[PDB]
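Here the structure is laid out as structure tokens; the discussion comes afterwards.
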Amino acid sequence: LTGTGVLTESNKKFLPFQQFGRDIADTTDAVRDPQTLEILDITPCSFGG
Amino acid sequence: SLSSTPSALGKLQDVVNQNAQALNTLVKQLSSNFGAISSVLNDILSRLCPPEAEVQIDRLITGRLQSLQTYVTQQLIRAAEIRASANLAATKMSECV
Amino acid sequence: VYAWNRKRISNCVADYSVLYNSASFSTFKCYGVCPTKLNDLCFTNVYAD
Amino acid sequence: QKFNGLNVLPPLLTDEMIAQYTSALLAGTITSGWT
């Protein structure tokens, strides 16, 4: 699951069977780390006009 | 009269709701495949080689470009209606107030 | 062929370049995936018929 | 929605500025009519 963005500790209360979350844009906004099994939030890096 | 009727100001709420719906539609269209193997561009690039990936990508570009063009056209039409309303309000200010 | 075998591959690391770059094969036709990119992918299971 | 390239721009006039214009119109009408 490749991509670019800022990773932080998540406050999302994932259940044991859930590996990631999705938005309405069909993008991943949270993942479970395969080694530590902690949940990370994913956000885009800053941009603007 | 106003406080006892939650829908009294519907004329302004309708404008807010229409704008919100237009944006939500524009975003949701990103989930469409448009004939591509996937709506997710990164998955296409990660799985397929260039001469094949480009074929799938062009399908997403066509669909997304068409969706964005549709959005703008609708905004131009809606803007014209709002301008007419503002022109009327400006006239009433001058002549009634 | 009327009684083809199947084996399941799991819980392991697959270096697909050992097969892809082999001259022992007359054909190596992939569908839905580019063979040169297999080393960057993860799967739940791989089945060998 | 910003993450999809969609941005919302602020008005030039703030709500406070609009309220101030309205107050001036009311004060004008009450003290000097249409003059």
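Note that each Cβ is placed from the backbone with ideal geometry, even for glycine, and that neighbours are counted across all protein chains shown. Rule-based calculations on the coordinates, nothing more; no lab input.
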Taking a crude spin-label model, label points 7 Å out from Cα along the C-beta direction, the D:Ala24 to D:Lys2 distance in nm is 3.3
Note, B:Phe34: beta-carbon cut-off 9 Å, +1 each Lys/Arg, -1 each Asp/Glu, net +2
Computed ³J(HN,Hα) along region B:79-89: with the Karplus parameters 6.51/-1.76/1.60, θ = phi - 60°, integer Hz and x for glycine or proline, the list is 4, 4, 5, 5, 4, 4, 5, 5, 5, 6, 4
Between A:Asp29 and residues 5 or more places away or on another chain, the pairs with built amide H atoms under 5 Å apart involve A:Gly21, A:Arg22, A:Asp23
Within chain C, the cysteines whose Cβ lies no closer than 4.7 Å to any other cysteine Cβ are C:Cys12, C:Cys30, C:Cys42
Note: region B:1-82 at 10 °C, 1.306 mPa s; Kirkwood Rh on alpha carbon pairs; Stokes-Einstein D in µm²/s works out to 103
Note on chain C: alpha-carbon gyration tensor, axes a ≥ b ≥ c; rule is a/c under 1.5 for rounded, else prolate if a/b larger than b/c, else oblate; result oblate
Diffing region B:53-66: the Karplus 3J(HN,Hα) column from phi (6.51, -1.76, 1.60, θ = phi - 60°), in whole Hz with x for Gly and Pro, holds 5, 4, 5, 6, 5, 4, 5, 6, 5, 4, x, 6, 5, 5
Rounded to the nearest Å, the spacing of the alpha-carbon centers of chain C and region B:29-97 is 41
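Before rounding to the nearest 500, sum -39500 (n - 2.57) across all DSSP H runs of length at least 4 in the protein assembly as shown and divide by the residue total; then give [θ] at 222 nm in deg cm²/dmol. Show your work: numbers first, answer last.
Details: 5 runs with 95 residues, N = 230.
Result for the protein assembly as shown: -14000 deg cm²/dmol, rounded to the nearest 500.
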Chain A and region B:1-20 have their Cα centres apart by a whole-number Å value of 37
The long-range amide H neighbours of C:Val46, using H built 1.01 Å from N in the peptide plane and a cut-off of under 5 Å, are C:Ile9
